[PDB]
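> Here is the sequence, then the experimental structure:
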Amino acid sequence: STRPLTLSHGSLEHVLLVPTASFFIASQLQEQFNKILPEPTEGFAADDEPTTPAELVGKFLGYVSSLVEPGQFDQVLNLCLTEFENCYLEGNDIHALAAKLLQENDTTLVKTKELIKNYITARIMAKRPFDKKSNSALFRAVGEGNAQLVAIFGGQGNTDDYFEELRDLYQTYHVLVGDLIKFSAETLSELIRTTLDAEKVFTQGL
């Protein structure tokens, strides 16, 4: 027993087979989701505006995840996340789907990043961590000895605006690297405090 709940923004649409038990919750969530969503434009150029059904389902996932606290919307979050995985991931990873959207479809980089953020955020709010060993081709090749992997870490001079990379990491992968970023800032502040004259070097703090 399921029912089709249609969530859409202009021409793009996607229908969810929600169980009748929580369809009412899902429907009020759809209502509020559209109450927050901006109006369709011609071509989907505005920011915070989906361009593909994948992007819209991702944004719905992000909104529902923002509502769930680590529980009433947890089941609907799990259901729509499962629908997204079944339909758009094709048993592939979120970044593969993102690259496909960027290349084939008329998707921009910020829309790709926020779609990825919404998917991962939904995964961690739905009690669905990435604790399963990924079957990525490169690492399967490494495991069977076909490929050899060397990590190289960059340094200075690569870019004049390295901080936007840290920023985009903190936004796109907030729930993932949030502990790392908070820890790094904590020990950096502690080192500044315990260093003799570090504050002089850090005029605007750290």
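Thanks, I have it. Numbering: from 1, shown residues only.
> Please count neighbours and contacts with C-alpha atoms only from this point.
Will do.
> In space, what's closest to residue 149 - neighbours in sequence excluded?
With sequence-adjacent residues excluded and distances taken as Cα to Cα, 6 or more residues apart in numbering, residue 149 is closest to residue 142, at 7.3 Å.
> and the gap between residue 181 and residue 173?
11 Å (Cα to Cα, to the nearest Å).
> Which one's more surrounded, the two?
More crowded of residue 181 and residue 173, by other Cα atoms under 10 Å: residue 173, with 18 against 14.
> mind checking the longest helix of this structure?
Longest helix in the chain by number of residues (criterion: DSSP state H): helix 174-194.
> got the contact list for it?
Contacts with helix 174-194, where a contact means Cα atoms under 8 Å, 6 or more residues apart in numbering, come from 117, 120, 121, 124, 169, 170, 198, 199, 206.
> ok so, going back, so which helix or strand takes in the residue nearest to residue 149?
Per DSSP states H and E, residue 142 falls inside helix 137-143.
> cool, and residue 7?
Counting by DSSP H and E, residue 7 is part of strand 2-9.
> Partner strands of that strand and their direction?
Taking DSSP bridges as the criterion, strand 2-9 pairs within the sheet with strand 12-19 (antiparallel).
> I'd like the distance from the strand it pairs with to the chain centre, please.
On the basis of Cα atoms, centre = their mean, to the nearest Å, strand 12-19 sits 20 Å off its chain's mean C-alpha point.
> buried stuff in it?
Residues of strand 12-19 classed as buried by neighbour count (16 or more other Cα atoms under 10 Å): 14, 16, 18, 19.
> same check, this time on stretch 108-123
Neighbour-count burial for stretch 108-123 flags 111-123 (criterion: 16+ other Cα under 10 Å).
> Also stretch 73-84?
Across stretch 73-84, burial judged by 16+ other Cα under 10 Å covers 73, 74, 76, 77, 78, 79, 80, 81, 83, 84.
> Greatest separation within those: which pair is it?
With Cα to Cα as the measure, no two of these lie farther apart than 73 and 84, at 16.4 Å.
> Can you add distance to residue 59 and secondary structure and give the contacts of helix 174-194 back as JSON lines?
Below are the contacts of helix 174-194 laid out as JSON lines (distance: Cα to Cα, whole Å; DSSP: H, G, I helix; E, B strand; the rest coil):
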{"residue": "117", "distance to residue 59": "9", "secondary structure": "helix"}
{"residue": "120", "distance to residue 59": "12", "secondary structure": "helix"}
{"residue": "121", "distance to residue 59": "11", "secondary structure": "helix"}
{"residue": "124", "distance to residue 59": "15", "secondary structure": "helix"}
{"residue": "169", "distance to residue 59": "18", "secondary structure": "helix"}
{"residue": "170", "distance to residue 59": "18", "secondary structure": "helix"}
{"residue": "198", "distance to residue 59": "43", "secondary structure": "helix"}
{"residue": "199", "distance to residue 59": "42", "secondary structure": "helix"}
{"residue": "206", "distance to residue 59": "33", "secondary structure": "coil"}
